[PDB]
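Visitor: Mind having a look at this structure? Questions to follow.
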Amino acid sequence: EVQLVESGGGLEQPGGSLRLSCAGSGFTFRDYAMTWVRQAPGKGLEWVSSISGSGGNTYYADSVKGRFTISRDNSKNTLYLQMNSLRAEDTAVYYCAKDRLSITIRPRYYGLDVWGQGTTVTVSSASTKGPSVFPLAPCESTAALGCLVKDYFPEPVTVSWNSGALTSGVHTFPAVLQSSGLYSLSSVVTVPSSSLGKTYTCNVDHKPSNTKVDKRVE
Amino acid sequence: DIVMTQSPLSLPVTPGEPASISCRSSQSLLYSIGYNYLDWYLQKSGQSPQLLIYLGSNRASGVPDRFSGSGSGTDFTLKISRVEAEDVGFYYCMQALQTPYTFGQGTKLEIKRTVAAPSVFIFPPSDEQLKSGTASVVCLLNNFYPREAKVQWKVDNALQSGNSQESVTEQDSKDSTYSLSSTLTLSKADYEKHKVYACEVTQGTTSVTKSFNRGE
């Protein structure tokens, strides 16, 4: 399968720097132009940069010129975005995308056919804060359980259940921004009450604080 | 830069019925005969964008027959012949004729299903949280339709406002329902001064209140 895996996102100060990576597998990396697209919180899609198969030609959005550099290491099957002089406006999920087939003189376009999973860049003067994870348990035949992921910065937090083994009936809600400027999120699952006396663990990942919390909900 | 404009911006559709999304460009996207540099993408909630249509009319890998693209020059249309529940999300057109690549604003495809009552659950604050001096009380509204429902928090039968926040999931890809989570936030001192905590959920002719007693 043709796949793109991203890394390198995080929280940085204005004027700071960050490098994003996009690793390809299941295809010949050098045969394809590659593209970065971003999505600001609650907004649409915006093109950032494109690079030719060889790396000989580079293209940039006007707002990132002189700040961002697109590059690739074809021997490592990896696309890069060096992000210098970071601005608050750069806060977004960044996606890499497979672009035109480039083994003929004129490249052949087949759409942006494969996309990475995204990596998040947040540009703020505020410090990182890891989450406090608390159980949601009742005080019927179907019971709800969950985790409250409280007082973190910045977005995002990912939540899984039983290391990804439990997916049906999982609802992980959008975070709310509290008056404190910190986020709070809940994740819930519905389970049979008869087998409560089965273990249910939420797995909470917060990349910006380098923190993973597993919480067993009793 | 080439500007892409989509119409409509919100599209509510009954399952089985057709859907049509228009995309207009400020400049012609016809590079040569058969080469309109116009794509369509779907972004499902919490997912990366995925290719549907490229070069005006070509279905991408794995894309169901129900999706088709047509048009030329400046006027383009995505058609879904019969809308299914899993089609829910945001649809974007994109031009790839020139850099910068530019996208339409996005069209939110909504699924018009039957009314479903929420399953309501209430959660007390954990003992662990109470040690920090704050109490979060949580109310869950599970798998309901339509989106419009009201949560009213009550503490010893007194109506609460300005001390809760809520959020709602996007439409479920399988059953087309929404879910809602509301958090009531109190100091430990305020929490321990009261007994009955109640979340009242109002949807049309029905109000459902789930409650707990702090002492129990």
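Chain labels run A, B, ... following the order of the structure tokens; each chain numbers its residues from 1, and ligands are numbered from 1 in the order shown.
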For chain A, report every residue with an atom at most 9 Å from chain B (counting only C-alpha atoms), formatted as a PyMOL selection string.

Guide: chain A and resi 43-50+59-62+95+109-118+132-139+143-145+148+171-178+185-188

Visitor: Using only C-alpha atoms, determine which residues lie at most 10 Å from residue B:84, disregarding the query and same-chain residues fewer than 2 positions distant; provide the list as a PyMOL selection string.

Guide: chain B and resi 13-18+66+80-82+86-88+111+173-174+176

Visitor: Record the distance separating atom CA of residue B:110 and atom CA of residue B:85, expressed in Å with one decimal.

Guide: 9.0 Å

Visitor: My list of candidates is A:20, A:147, A:86, A:157. Which is closest to residue A:124 when distances are computed with only C-alpha atoms?

Guide: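 Among the listed residues, the smallest separation from residue A:124 belongs to A:86.
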
Visitor: Could you jot down the atom CA of residue B:27 to atom CA of residue B:91 separation for me, Å, one decimal place?

Guide: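 Separation between atom CA of residue B:27 and atom CA of residue B:91: 20.7 Å.
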
Visitor: Residues near stretch 188-202 of chain B, anyone? I mean within 6 Å using only C-alpha atoms, not counting same-chain ones fewer than 5 positions away, as a PyMOL selection string.

Guide: chain B and resi 133-135+149-156+207-214

Visitor: Using only N, CA, C and O atoms, please write the residues we just selected to a file, as a compact mmCIF listing (two decimals), in the first residue's frame.

Guide:
# COMPACT_ATOMS: atom_id res chain seq x y z
N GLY B 133 -8.90 20.50 44.08
CA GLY B 133 -9.77 21.60 44.49
C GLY B 133 -10.85 22.00 43.50
O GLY B 133 -11.56 22.99 43.71
N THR B 134 -10.99 21.22 42.43
CA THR B 134 -11.99 21.47 41.38
C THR B 134 -12.83 20.21 41.14
O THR B 134 -12.34 19.09 41.24
N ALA B 135 -14.11 20.43 40.83
CA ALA B 135 -15.05 19.36 40.50
C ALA B 135 -15.64 19.57 39.11
O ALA B 135 -16.28 20.59 38.84
N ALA B 149 -30.46 20.15 20.59
CA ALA B 149 -30.91 19.63 21.88
C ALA B 149 -30.32 20.54 22.95
O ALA B 149 -29.25 21.11 22.76
N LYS B 150 -31.03 20.69 24.07
CA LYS B 150 -30.56 21.57 25.14
C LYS B 150 -30.25 20.83 26.43
O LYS B 150 -31.05 20.01 26.89
N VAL B 151 -29.08 21.13 26.99
CA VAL B 151 -28.66 20.66 28.31
C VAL B 151 -28.94 21.77 29.31
O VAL B 151 -28.55 22.92 29.10
N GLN B 152 -29.64 21.41 30.39
CA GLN B 152 -29.82 22.29 31.54
C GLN B 152 -29.28 21.59 32.78
O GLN B 152 -29.82 20.57 33.21
N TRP B 153 -28.22 22.16 33.35
CA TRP B 153 -27.67 21.69 34.61
C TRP B 153 -28.49 22.23 35.78
O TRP B 153 -28.90 23.40 35.78
N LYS B 154 -28.73 21.36 36.75
CA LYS B 154 -29.42 21.72 37.99
C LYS B 154 -28.63 21.21 39.18
O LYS B 154 -28.17 20.06 39.19
N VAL B 155 -28.45 22.07 40.18
CA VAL B 155 -27.76 21.74 41.42
C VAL B 155 -28.73 22.05 42.56
O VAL B 155 -29.11 23.21 42.74
N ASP B 156 -29.14 21.01 43.29
CA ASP B 156 -30.24 21.08 44.27
C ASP B 156 -31.47 21.81 43.72
O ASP B 156 -32.06 22.68 44.38
N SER B 207 -38.29 15.83 27.81
CA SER B 207 -37.14 16.17 28.64
C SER B 207 -36.76 14.96 29.49
O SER B 207 -37.62 14.33 30.12
N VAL B 208 -35.48 14.61 29.46
CA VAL B 208 -34.95 13.49 30.23
C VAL B 208 -33.89 14.04 31.18
O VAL B 208 -32.93 14.69 30.74
N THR B 209 -34.08 13.80 32.47
CA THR B 209 -33.14 14.23 33.50
C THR B 209 -32.47 13.02 34.15
O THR B 209 -33.14 12.14 34.68
N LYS B 210 -31.14 12.99 34.07
CA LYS B 210 -30.33 12.02 34.80
C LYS B 210 -29.66 12.74 35.96
O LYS B 210 -29.17 13.86 35.81
N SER B 211 -29.66 12.07 37.12
CA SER B 211 -29.18 12.67 38.35
C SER B 211 -28.33 11.73 39.20
O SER B 211 -28.36 10.52 39.00
N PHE B 212 -27.57 12.31 40.12
CA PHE B 212 -26.92 11.55 41.19
C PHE B 212 -26.91 12.38 42.47
O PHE B 212 -27.01 13.62 42.43
N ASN B 213 -26.81 11.69 43.60
CA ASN B 213 -26.63 12.31 44.90
C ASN B 213 -25.16 12.16 45.31
O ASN B 213 -24.63 11.04 45.32
N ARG B 214 -24.52 13.29 45.62
CA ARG B 214 -23.09 13.33 45.99
C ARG B 214 -22.71 12.34 47.11
O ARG B 214 -21.69 11.65 47.00

Visitor: With only C-alpha atoms as the atoms that count, which of A:7, A:78, A:57, A:211 lies nearest to residue A:120?

Guide: A:7

Visitor: Nearest to residue A:129 among A:100, A:106, A:216, A:150, with distances taken over only C-alpha atoms: which residue is it?

Guide: A:150

Visitor: When DSSP is applied to the backbone of this structure, which of stretch 39-185 of chain B are assigned helix (DSSP H, G or I)? Write them out as an NGL selection string.

Guide: :B and (85-87 or 127-130)
